[PDB]
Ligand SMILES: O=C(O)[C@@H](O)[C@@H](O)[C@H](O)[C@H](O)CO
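Below, in structure tokens: the form solved without this ligand, a single chain.
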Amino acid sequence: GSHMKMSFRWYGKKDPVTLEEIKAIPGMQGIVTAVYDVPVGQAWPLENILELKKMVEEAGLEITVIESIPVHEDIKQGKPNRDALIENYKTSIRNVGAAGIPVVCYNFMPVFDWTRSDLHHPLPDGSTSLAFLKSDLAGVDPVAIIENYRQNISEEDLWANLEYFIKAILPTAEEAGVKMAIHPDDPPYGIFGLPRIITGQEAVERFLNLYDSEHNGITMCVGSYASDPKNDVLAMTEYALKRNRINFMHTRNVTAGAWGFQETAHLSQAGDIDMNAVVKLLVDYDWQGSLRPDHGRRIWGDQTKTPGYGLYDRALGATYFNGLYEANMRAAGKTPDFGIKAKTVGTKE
């Protein structure tokens, strides 16, 4: 039966936003984080991981998702030395299972993790936000790897590069008891001459099939998939739930059509995603995992640099999912839990 742990992203010691503050978000249970002192491709030690955990748990919370044991471009590129990098991935996996963290979250997106044309695009209310202006700048080389991809490696070269990968790590993932969750490409389509393959329903279906197991699931990031209208998140989310292969939810809204795309407040009505439908769906399928609001607007004096990762609107995101998850739970004769063990401290009757 259902079990959704409201979660927040936290970059660790050097985060603008603190655990004190994250904890104050009504219903917050999971911290979604990573090790940041180990170079990409290089293998996370247990101590790095337990350091983060000790901090997070003292704050009165738990790490429920490692967001991103990063994939070395060499691996993505399909270069001969991959196995070396892959064996390191296997260690990091083994190490996270060792810390008791249920899920690992990763992308297979070549040289770029995300693309945004404007980082302060105005919205109909004064708040800024990020957008992808299909017009602006677009159609210019970003000023060796890129040319490699552009020239040689096809999408199906990437499909085989990727299957090699997940075929290498999955048994390790299984023994650690860690659920992999592949993060869609963002935007979910070819740019810059680079290829993207994790982009829609057909790909989620081919990907899961790469290695048929729950240890091999997706991170349903509705705002990424829906950054291309060619995509319908609802049937995608459902297909994926019907199949038991969502291991992580992100839940940011986005407005889109043929013109490009722009991130908006989480509220279904502010963008093109019916967020109620999304969580109603998480409800009826007794989904068990974690959800993060993910990405916000710049509202108020918001001084967090690091892009959509300011506290305020992301917090205003979780409490909206609080209302959505709770109302839908009740509607179905289901009793919602938010992990509150005490209303008060020291008073009581």
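Heads up: residue numbers just count along the shown sequence, starting at 1.
The entry models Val143 and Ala144 with a gap of 10 or more deposited residues left without coordinates. When 214-222 is weighed against 72-80, 72-80 comes out higher, by mean CA B-factor as recorded in the entry. The question of which stretch, 105-113 or 127-135, has the higher mean Cα B factor is settled in favour of 127-135. In the deposited coordinates, the residue among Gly317, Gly308, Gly289, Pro26 with the greatest CA B-factor is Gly308.
Of the candidates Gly60, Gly296, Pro45, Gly30, the PDB record gives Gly296 the highest C-alpha temperature factor.
Split the chain's modelled residues into thirds by C-alpha temperature factor. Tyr89 is in the middle one. When the modelled residues of the chain are ordered by C-alpha B-factor, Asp313 sits in the lowest third. Per the PDB record, residue ranking by Cα B-factor puts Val345 in the highest third of the chain.
In the PDB entry, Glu175 places in the lowest third of its chain by CA B-factor. In this PDB entry, the Cα temperature factor of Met55 sits in the middle third of its chain's modelled residues.
Quick note: we don't show the form solved in complex with this ligand, though the next part is all about it.
No clash is found between this ligand, overlaid from its position in the entry with it bound, and the backbone or C-beta atoms here, as no atom lies within 2.4 Å; the site counts as open. Looking at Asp157, you'd find every heavy atom of it more than 4.5 angstroms from this ligand in the entry with it bound. Remark: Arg292 counts among the residues lining this ligand in the entry with it bound, judged by a heavy atom distance of 4.5 Å or less. With a 4.5 Å cutoff on heavy atoms, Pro307 counts as touching this ligand in the entry with it bound. None of the heavy atoms of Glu174 is located within 4.5 Å of this ligand in the entry with it bound. Contact annotation: this ligand lies within 4.5 Å of heavy atoms from the stretch 106-114 in the entry with it bound, the single such stretch among 106-114, 160-168, 236-244, 199-207. This chain is displayed alone, yet in the entry with it bound one of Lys90, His183, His72, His215 has a heavy atom within 4.5 Å of this ligand; that residue is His183. In summary, among the residues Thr251, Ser224, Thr264, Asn95, the only one with a non-hydrogen atom within 4.5 Å of this ligand in the entry with it bound is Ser224.
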